[PDB]
Amino acid sequence: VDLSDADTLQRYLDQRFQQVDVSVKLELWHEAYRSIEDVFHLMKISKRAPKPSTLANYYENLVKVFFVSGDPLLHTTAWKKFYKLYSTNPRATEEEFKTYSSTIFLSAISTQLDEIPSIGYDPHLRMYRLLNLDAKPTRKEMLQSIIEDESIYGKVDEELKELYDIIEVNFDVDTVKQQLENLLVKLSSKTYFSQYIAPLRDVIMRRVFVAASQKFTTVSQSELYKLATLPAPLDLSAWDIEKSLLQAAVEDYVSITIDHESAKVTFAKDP
Amino acid sequence: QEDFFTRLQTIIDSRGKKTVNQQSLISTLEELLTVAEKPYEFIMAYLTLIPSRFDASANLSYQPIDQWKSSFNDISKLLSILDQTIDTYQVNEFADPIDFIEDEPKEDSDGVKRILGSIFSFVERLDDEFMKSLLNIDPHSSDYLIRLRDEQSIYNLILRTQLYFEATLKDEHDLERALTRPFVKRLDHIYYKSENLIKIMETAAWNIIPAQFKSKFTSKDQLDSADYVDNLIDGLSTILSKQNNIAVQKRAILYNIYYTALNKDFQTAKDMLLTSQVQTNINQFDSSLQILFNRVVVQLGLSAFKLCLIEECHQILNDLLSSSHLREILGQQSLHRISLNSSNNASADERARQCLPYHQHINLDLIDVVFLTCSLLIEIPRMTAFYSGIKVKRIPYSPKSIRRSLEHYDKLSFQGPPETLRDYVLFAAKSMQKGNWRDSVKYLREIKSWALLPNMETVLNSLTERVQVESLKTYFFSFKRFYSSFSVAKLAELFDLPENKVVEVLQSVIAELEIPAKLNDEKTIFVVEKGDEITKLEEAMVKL
């Protein structure tokens with residue numbers, strides 16, 4: 001019975017694996033998620049553990065699913081776990097290693113800023129059961145765990161390390177603008193970049209918003225939009241930028257008042 | 001003579017015996033039609049031949065296409081014989097007797113409705129068994145399409161039999177009694193279709209009818225007029241208010257409201273409904289007519305929505321669409337699934353007669369998306385107000401509603417890009433909340449259901465507008481906390497709403513909700529942040 005048991009379990013597990021991969025390739029994300037649950041619990045029960053090809057393709061699917069889910073951390077994690085498995089494969093091209101390391105670092109950059117607390121229960125936390133994560137590895141933790149690892153930092157394209165220098169090495173607003181002018185031209189040449197423009201842009205602009213709230217606390221709006229405006233790929237309609245700020249404000253990063261009668265924005269911090 | 005009577009009677013007696021070979025009984029009747037020459041022989045042969053077939057296939061799921069197709073041939077042949085006879089088989093009026101040879105059956109009873117009424121019933125079987133096939137075939141197979149091709153030929157027999165009844169019957173009290181039912185069937189076979197398809201069925205029905213005409217509407221002459229179809233419907237409609245059966249009267253009224261709410265203006269339909277006074281009635285008149293009433297409620301809920309009346313729409317549909325079981329309440333459920341449930345078959349006829357064939361179905365996804373779009377436009381600004389800090393207008397607590405499903409989507413561990421239609425509607429709602437109306441329109445146009453409306457472009461832009469308005473409202477409601485002042489010019493440009501609308505909406509809302517907001521029309525600028533609910537409580541504490 002234990003033989004028939006082990007075999008039937010294996011059948012059912014592979015069955016769910018391809019229900020996941022087919023679902024993802026077929027753009028059904030609910031059946032994909034549900035089948036992924038089914039996979040997780042099965043492996044917890046399973047004695048015989050999966051063959052590496054299937055796990056690699058598993059993370060290959062999980063990266064897409066967690067992309068479109070709106071959670072950058074899980075994305076990043078399954079993308080890492082694809083790396084760790086792919087270094088074992090006989091056909092590995094340096095271009096690919098570079099691409100994937102790069103993309104991991106970007107997904108770390110694209111991550112929304114975890115520093116400002118979330119009041120209440122986040123349902124997304126449950127999903128972390130799936131990847132072994134007990135709680136969210138904050139954008140800091142992600143940056144650390146990424147640059148810490150040899151191969152990852154090692155294979156990253158220079159433009160991206162440069163980006164990390166633009167954003168995270170003593171960031172000053174105007175200087176960041178100027179750096180972005182030159183660096184974006186060199187950056188957009190490479191394939192991986194296409195998908196990350198939006199969350200990246202939002203992160204940048206958030207940083208800009210906070211630095212602007214600290215540096216001058218009462219201003220004309222027309223003066224604010226110039227600073228808030230970014231270069232070519234990150235360009236935004238005026239009101240769109242207004243609402244990026246609005247987002248940041250309702251997120252309680254910056255406590256703001258706005259009087260448009262005089263076209264003024266007033267930052268008052270009285271804590 | 002006596003050969004014929006004795007044979008026929010032996011057969012009829014043998015039929016009332018349990019063990020019989022029905023194939024052989026049918027074949028015997030037929031082989032004895034071969035011999036018959038005299039017309040009373042023919043007619044009295046057919047009169048027991050038709051039900052002999054129906055009875056033979058009676059205990060099956062339905063009678064198959066071949067046996068049905070040949071029984072049609074039977075009824076059409078009896079009709080051709082009765083037509084070529086021209087009522088002269090009865091020896092006129094003054095002398096009724098059927099005499100030749102009544103002594104052999106000996107069981108004759110004087111009547112017209114009695115001997116010549118049975119005819120209609122035959123036709124009805126043809127129809128009923130026919131429906132039983134459309135329920136039992138696969139909804140998407142080509143076979144279903146062929147059966148539906150047979151529907152027209154049944155409508156033919158309805159009209160023809162009607163016309164023979166008109167020529168024959170000399171007593172108006174009997175003629176009405178006889179005509180009520182085929183008028184009913186005639187209606188059932190028309191109302192759910194387009195004016196075109198109906199006039200097709202009608203034209204086709206009139207082309208197969210010869211020099212015989214007696215009818216009230218007089219269609220043979222007037223066939224081409226555009227007032228034709230409407231006058232047929234309102235004609236039989238007005239007729240059925242005479243009959244004493246209440247289920248028939250309500251039936252008629254409901255067919256009116258359906259057809260009208262489809263091919264005619266909505267207001268007419270509404271007037272009909274409120275004037276017709278059926279409420280305490282409908283509840284007690286069983287299942288099928290309630291399926292019909294829910295069908296017409298749905299239909300006016302739909303056309304009122306085509307008119308871009310949201311407030312009306314949500315008013316209409318809420319009772320029926322709060323039902324979990326709505327698919328069943330609309331009498332659309334696959335027969336098979338409840339065919340296992342309802343067995344035994346004897347009492348299964350009851351539940352199986354309640355569900356409807358496919359071509360008469362109203363796609364549920366269309367209905368649900370419609371109502372949910374409504375409940376969105378309606379409930380979103382009031383919600384936005386409430387949870388962003390203004391509650392003066394809110395005491396809804398919404399049964400089985402868009403808001404509750406919002407509450408359940410927020411609580412999901414996983415949030416996927418929208419796939420099911422309620423998810424697209426959902427994304428449109430959250431989009432409204434954040435104030436991107438463009439995104440919401442995009443997410444709403446990804447819904448497939450909108451393709452089932454012939455006016456779709458019109459309602460696309462109409463909805464785009466109503467959405468522009470309500471999303472402007474929602475925006476204002478949510479963001480008035482961090483804004484002390486606003487610019488009507490910018491707002492107008494960015495929502496793509498001309499200022500006349502903007503100032504109107506905003507002013508009307510602030511005046512209705514008692515919001516501490518001030519507008520200068522001269523400079524077109526707005527003002528807020530005074531407060532509050534709690535500050536009025538501060539004041540109330542301070543005065544006393």
# chains A, B, ... in the order shown; residues from 1 in each chain; ligands from 1

call {"tool": "residues_around", "arguments": {"residues": "residue 39 in chain B", "least_positions_apart": "4", "cutoff": "10 Å", "atoms": "only C-alpha atoms", "output": "count of residues only"}}
result
7

call {"tool": "interface_residues", "arguments": {"of": "chain A", "to": "chain B", "cutoff": "7 Å", "atoms": "only C-alpha atoms", "output": "list in words"}}
result
residues 29, 68, 69, 123, 124, 126, 127, 256, 257, 258, 259, 260 and 261 of chain A

call {"tool": "write_last_selection", "arguments": {"atoms": "C-alpha atoms", "output": "CSV table (one decimal), in the first residue's frame"}}
result
chain,number,residue,atom,x,y,z
A,29,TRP,CA,-4.6,33.3,-12.2
A,68,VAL,CA,0.6,40.4,-11.5
A,69,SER,CA,-0.5,39.9,-7.9
A,123,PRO,CA,-4.2,39.3,4.2
A,124,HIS,CA,-1.2,39.0,1.9
A,126,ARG,CA,-0.9,34.3,4.6
A,127,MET,CA,0.7,33.9,1.1
A,256,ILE,CA,-0.1,68.1,4.0
A,257,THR,CA,-2.6,70.9,3.5
A,258,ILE,CA,-3.2,72.6,0.1
A,259,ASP,CA,-4.7,76.0,-0.7
A,260,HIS,CA,-5.0,76.4,-4.4
A,261,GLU,CA,-6.7,79.8,-4.2

call {"tool": "atom_distance", "arguments": {"atom1": "CA of residue 220 in chain B", "atom2": "CA of residue 163 in chain B"}}
result
11.9 Å

call {"tool": "select_by_dssp", "arguments": {"residues": "range 26-273 of chain B", "states": "helix (DSSP H, G or I)", "output": "ChimeraX atom specification"}}
result
/B:26-31,39-56,65-85,88-90,118-136,142-168,172-188,195-207,219-222,228-239,246-263,266-273

call {"tool": "atom_distance", "arguments": {"atom1": "CA of residue 71 in chain B", "atom2": "CA of residue 54 in chain B"}}
result
8.2 Å

call {"tool": "closest_residue", "arguments": {"among": "A:232, A:200, A:6, A:224", "to": "residue 109 in chain A", "atoms": "only C-alpha atoms"}}
result
A:200

call {"tool": "atom_distance", "arguments": {"atom1": "CA of residue 9 in chain A", "atom2": "CA of residue 33 in chain A"}}
result
20.0 Å

call {"tool": "residues_around", "arguments": {"residues": "residue 429 in chain B", "least_positions_apart": "3", "cutoff": "10 Å", "atoms": "only C-alpha atoms", "output": "number ranges by chain"}}
result
B: 373, 376-377, 379-380, 402-403, 406, 423-426, 432-437, 439-441, 443-444, 471
